[PDB]
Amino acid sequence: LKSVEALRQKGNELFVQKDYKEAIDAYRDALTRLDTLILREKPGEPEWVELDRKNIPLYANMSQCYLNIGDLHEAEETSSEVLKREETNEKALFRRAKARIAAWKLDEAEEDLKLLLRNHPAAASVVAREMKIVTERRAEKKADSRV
């Protein structure tokens, strides 16, 4: 349980040095231990939840690492894990949008940014900026097919 905190902390160290591959392997290992600790608890009970909340920082940190590296599927997947637990999480929605956008999943990047803006009104300008990328990318893709 403090073996996991330690590895979170190690991942966080690697992250701030732009050494993202290893950040992931550290976070992925914190995830593995934390799982074994969850499998022991009675499922769904309050003790389960509080052990399970600890996944959130780990998947959040990791999704950015994945983003930072070009792993769009995983970036999206790990961000989705935050979103499973915190539906309107600002950072998770943003990151998933960024993943989706880069992935050409444009309807869906738009859903996220709308949801972002709906729950986080001060995300305005950041949302404006990415909706701009979406909305023109939809112009490229759909003049690329009327060629």
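The first residue of the sequence shown is number 1, and the count goes up from there.
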Looking at the entry, does 135-143 or 10-18 show the higher mean C-alpha B-factor? 135-143
Which is higher in the entry, the mean Cα B factor of 104-112 or that of 76-84? 104-112
Highest-ranked of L39, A122, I56, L93 once sorted by CA temperature factor in the record: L39
For the chain shown, is the CA B-factor of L51 in the lowest, middle or highest third of its modelled residues? middle
Can you work out whether the C-alpha temperature factor of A99 puts it in the lowest, middle or highest third of the chain? lowest
Looking at the entry's B-factor column for C-alpha atoms only, identify whether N61 ranks in the lowest, middle or highest third of its chain. lowest
Assert third(CA B-factor, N89) within chain per record equals lowest
Going by the entry, which third of its chain does the Cα temperature factor of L34 land in? highest
